[PDB]
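> Experimental structure below, sequence on top.
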Amino acid sequence: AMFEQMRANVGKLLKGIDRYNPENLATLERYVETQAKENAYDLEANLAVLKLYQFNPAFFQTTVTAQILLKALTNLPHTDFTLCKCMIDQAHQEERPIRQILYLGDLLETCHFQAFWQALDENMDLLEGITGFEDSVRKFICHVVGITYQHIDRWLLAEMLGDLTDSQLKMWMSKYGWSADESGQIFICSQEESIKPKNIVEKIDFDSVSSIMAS
Amino acid sequence: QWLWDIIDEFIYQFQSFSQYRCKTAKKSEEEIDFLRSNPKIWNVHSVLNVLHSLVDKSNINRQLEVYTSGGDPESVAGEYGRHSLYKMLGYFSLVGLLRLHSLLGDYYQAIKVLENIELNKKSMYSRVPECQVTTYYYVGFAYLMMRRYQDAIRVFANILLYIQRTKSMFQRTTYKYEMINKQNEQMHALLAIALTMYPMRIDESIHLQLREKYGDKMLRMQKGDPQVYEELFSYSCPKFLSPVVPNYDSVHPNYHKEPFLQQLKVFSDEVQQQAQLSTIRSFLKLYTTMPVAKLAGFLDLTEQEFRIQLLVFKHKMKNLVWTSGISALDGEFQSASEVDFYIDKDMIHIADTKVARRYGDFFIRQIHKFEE
């Protein structure tokens, strides 16, 4: 619970002149790991460390940027991960573990979820070391499933989530209330509920137009 | 030497005035009150704020893009130059918004953007068109960065229209009049590539002199040539960042192209796969719910054998640009074809046309004043 004990402090740090002072990296780089480990997030603290790393490339630290990058990818499809590459130098995108983390990140944006879980190397203990990261990406998979599927097959939804078993899939089935259908797909959304058109309907703007044309 | 005789004498005069800015605004009522009285124009007082927005940014961009190590420029300005002026109590006039939108400009070139939230919240004073067009300038760019293509494209339309009832007249966009034309032109051109089978709002925004050339650009870009990836990205870069002055081009100093590696290659990643999203949508969605005849007709069109047609098809529906469903028993692909709207231009014009009547009726009644 060190996240909660730094929120007030780091909040006033990042609104002052201490976000272009490199000396504050002590409390800030610590607070970046506090996001990753304790499963919390703060974009501004990340982005300020990224900005201070962009200022002096020497102070760049690989794991601290991985703790930024990995937790940026949990928060998709937001432009958190967009802002990461914007501050990470040409030199610094070819580091370890950065290069592998960035490549894995590319797969999530283009939504190649099958390729994402294939691409994983399982000997990098840092990717095991981020708490709730393995489920977070799965929750973002299922998040975009709801937006752009009306149904999905049982084998298909398994494979996207890293080739899940029958019992492992029970969590993800129950999560958004999804349930089986006849022969034999998993329901995701109603057909009229997914589409949501807001197309042709206007020319009802009479009231304003007559209020201005009143005199 | 004449170069840095001019540059250094700007900054040293601004660092001088920065103390006067902080000193007058906060506490000395009588000094402010004395300044309200004497001239016939308070325009001299206010111009000097956002005059030094773009001139200081030029001078600091030079010092930034000449000294790439042991950074003197960026932490001096960031700490002292910017935050001292803005963070403390505003001067009582439009100067509070001027120093705000000077700071918003300074904050824009730096790629650290997330306090666009609170800058809008501290724009308490009324949105004069002067301040409003320059707000929508950056706020649209912020939406362009947010991947809110549909939102940002509307925001660029109004500011390029030239019936936001601008009149200027006395040099409040001076020496960069056509930058507002060409940057809004350029940044709108990128957004059209991403989404468009919706607007049907591009008629208002950009005139037919440019719609014709930018129209064929998007088609030539997404369909058949990666040539437009080059020429679009050439023009897009000076306008995306806004680096006010590129330094003297010579090989004897290096010093300049090293910052431009980052600055440019930062925007490479933007247009890279966001463009390749376009070609998927480019093929018109001919039959709304596709049977075997049309689904295979589109999977012949996506990619050929064998390996991995279906996978790539179902990767790309996810992104934002399709809403659809798969059926198992039927083997059927059902999808969503959405369209925009025809005429939204007329009812927005009904006031704009009346301004052509109004300032018509008014300007000649200013001539009817004089020659009477």
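Nice, thanks for sending it over. Numbering: from 1, shown residues only, chains lettered A, B, ... in the order given.

> what's the closest non-adjacent residue to residue B:91?
residue B:25 (4.0 Å; C-beta to C-beta, 6 or more residues apart in numbering or on different chains). Yep, even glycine has a C-beta here, placed from its N, CA and C like the rest.

> tell me the SS of the residue of the stretch 251-372 of chain B found nearest chain A?
At 2.8 Å from chain A, residue B:325 is the closest residue in the stretch 251-372 of chain B, using C-beta to the nearest C-beta. Following DSSP: H, G, I helix; E, B strand; the rest coil, the label given to residue B:325 is strand.

> residues contacting the nearest residue to it once chain neighbours are set aside?
Distances taken as C-beta to C-beta, 6+ apart put residue A:150 closest to residue B:325, at 2.8 Å, once the chain neighbours are dropped. Listed by C-beta atoms under 8 Å, 6 or more residues apart in numbering or on different chains, the contact set of residue A:150 reads A:188, A:189, A:190, A:191, A:194, B:324, B:325, B:326, B:334.

> Derive a ChimeraX selection command for the buried subset of the residues you listed.
Here is the ChimeraX selection string for the buried members of the contacts of residue A:150, based on 16 or more other C-beta atoms under 10 Å in any protein chain shown:
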select /A:188,189,194 /B:324,325,326,334
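
> Run the chain-centre distance for the lengthiest helix in chain A.
For chain A, the longest helix by residue count, based on DSSP state H, is helix A:133-148. Offset of helix A:133-148 from its chain centre (C-alpha atoms, centre = their mean, to the nearest Å): 10 Å.

> Do a quick rundown of the helices in chain A.
A:7-13, A:25-37, A:43-55, A:62-73, A:82-85, A:98-109, A:113-119, A:133-148, A:154-160, A:169-175, A:191-195, A:206-212.

> contact partners of the last one?
Helix A:206-212 is contacted by residues B:347, B:350, B:351 when judged by C-beta under 8 Å, 6+ apart.

> Okay, and which of the residues you listed map to helices?
Using DSSP H, the contacts of helix A:206-212 in helices are B:347, B:350, B:351.

> pretty sure the second one contacts residue A:213?
Yes: the pair formed by residue B:350 and residue A:213 meets the contact definition of C-beta atoms under 8 Å, at 7.3 Å.

> returning to that earlier point: out of the contacts of helix A:206-212, who's near chain A?
Subset of the contacts of helix A:206-212 in contact with chain A: B:347, B:350, B:351, counting by C-beta under 8 Å from any C-beta of the partner chain.

> wait, what's in contact with the residue most central in space within chain B?
Closest to where the C-alpha atoms of chain B average out (C-alpha atoms, centre = their mean) is residue B:141, at 3.7 Å. By C-beta under 8 Å, 6+ apart, the residues touching residue B:141 are B:108, B:152, B:187.

> Over to residue A:132?
A:39, A:74.

> swap the cut-off to 6 Å and go again
residue A:39 (C-beta atoms under 6 Å, 6 or more residues apart in numbering or on different chains).

> how close does residue A:137 get to residue A:74?
7 Å (C-beta to C-beta, to the nearest Å).

> Residue B:105: which element?
Using DSSP states H and E, residue B:105 maps to helix B:95-109.

> List the buried residues of that helix.
B:95-108.

> And stretch B:38-53, by the same measure?
B:45, B:46, B:47, B:49, B:50, B:52, B:53.

> I'd like to know which of these are part of helices.
Per DSSP H, the buried residues of stretch B:38-53 map to helices at B:45, B:46, B:47, B:49, B:50, B:52, B:53.

> which among these gets closest to chain A?
For those, the nearest to chain A is residue B:53 (18.5 Å; C-beta to the nearest C-beta).

> show me what contacts the closest one?
B:102, B:105.

> What parts of chain B come near chain A?
B:71, B:75, B:78-79, B:83, B:111-112, B:114, B:146-147, B:261, B:266, B:269, B:315, B:317-319, B:323, B:325, B:328-329, B:336, B:338-339, B:341, B:347 (C-beta under 6 Å from any C-beta of the partner chain).

> Give the ChimeraX command for selecting the buried subset of those.
In ChimeraX syntax, the buried subset of the residues of chain B next to chain A is picked out as below (16+ other C-beta under 10 Å):
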select /B:75,78,79,83,111,112,114,147,266,315,317,318,319,323,325,328,336
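
> mind putting the buried residues of helix B:95-109 in JSON lines, distance to residue A:115 included?
What follows is those, written out as JSON lines (distance: C-beta to C-beta, whole Å):
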{"residue": "B:95", "distance to residue A:115": "55"}
{"residue": "B:96", "distance to residue A:115": "52"}
{"residue": "B:97", "distance to residue A:115": "49"}
{"residue": "B:98", "distance to residue A:115": "51"}
{"residue": "B:99", "distance to residue A:115": "49"}
{"residue": "B:100", "distance to residue A:115": "46"}
{"residue": "B:101", "distance to residue A:115": "45"}
{"residue": "B:102", "distance to residue A:115": "46"}
{"residue": "B:103", "distance to residue A:115": "43"}
{"residue": "B:104", "distance to residue A:115": "40"}
{"residue": "B:105", "distance to residue A:115": "41"}
{"residue": "B:106", "distance to residue A:115": "41"}
{"residue": "B:107", "distance to residue A:115": "37"}
{"residue": "B:108", "distance to residue A:115": "36"}
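
> What separation do you get for residue B:234 and residue B:276?
With C-beta to C-beta as the criterion, residue B:234 and residue B:276 are 19 Å apart.

> ignore the last one, residue B:149
Distance from residue B:149 to residue B:276, by C-beta to C-beta: 15 Å.

> got the residues of chain A near chain B?
So chain A meets chain B at A:17, A:20, A:44, A:47, A:51, A:55, A:79, A:85-86, A:90, A:111-112, A:144, A:148-151, A:153, A:183, A:185, A:194-195, A:197, A:199-200, A:202, A:205, A:209 (C-beta under 6 Å from any C-beta).

> Is there a neighbour count for residue A:103? I'd like the number.
10 (other C-beta atoms under 10 Å in any protein chain shown).

> so what's it closest to, chain neighbours aside?
Residue A:103 sits nearest to residue A:119 (C-beta to C-beta, 6+ apart), 7.0 Å away.

> and stretch B:293-308, C-alpha only, in PDB?
Written as PDB, here are the backbone C-alpha positions of stretch B:293-308 (Å, rounded to 0.1, in the frame of the first residue of the first chain):
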ATOM      1  CA  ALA B 293     -20.400 -15.400 -52.300                       C
ATOM      2  CA  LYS B 294     -19.200 -12.100 -50.700                       C
ATOM      3  CA  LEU B 295     -17.300 -13.300 -47.700                       C
ATOM      4  CA  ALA B 296     -15.000 -15.400 -50.000                       C
ATOM      5  CA  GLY B 297     -15.100 -12.500 -52.400                       C
ATOM      6  CA  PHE B 298     -13.600 -10.400 -49.600                       C
ATOM      7  CA  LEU B 299     -11.200 -13.100 -48.400                       C
ATOM      8  CA  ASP B 300      -9.900 -13.400 -52.000                       C
ATOM      9  CA  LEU B 301      -9.500  -9.600 -51.600                       C
ATOM     10  CA  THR B 302      -7.800  -9.500 -48.200                       C
ATOM     11  CA  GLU B 303      -4.900 -11.900 -49.000                       C
ATOM     12  CA  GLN B 304      -4.300 -15.000 -51.000                       C
ATOM     13  CA  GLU B 305      -3.300 -18.600 -50.000                       C
ATOM     14  CA  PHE B 306      -3.600 -20.300 -47.500                       C
ATOM     15  CA  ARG B 307      -2.400 -19.400 -44.500                       C
ATOM     16  CA  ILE B 308      -3.700 -17.200 -42.800                       C
END
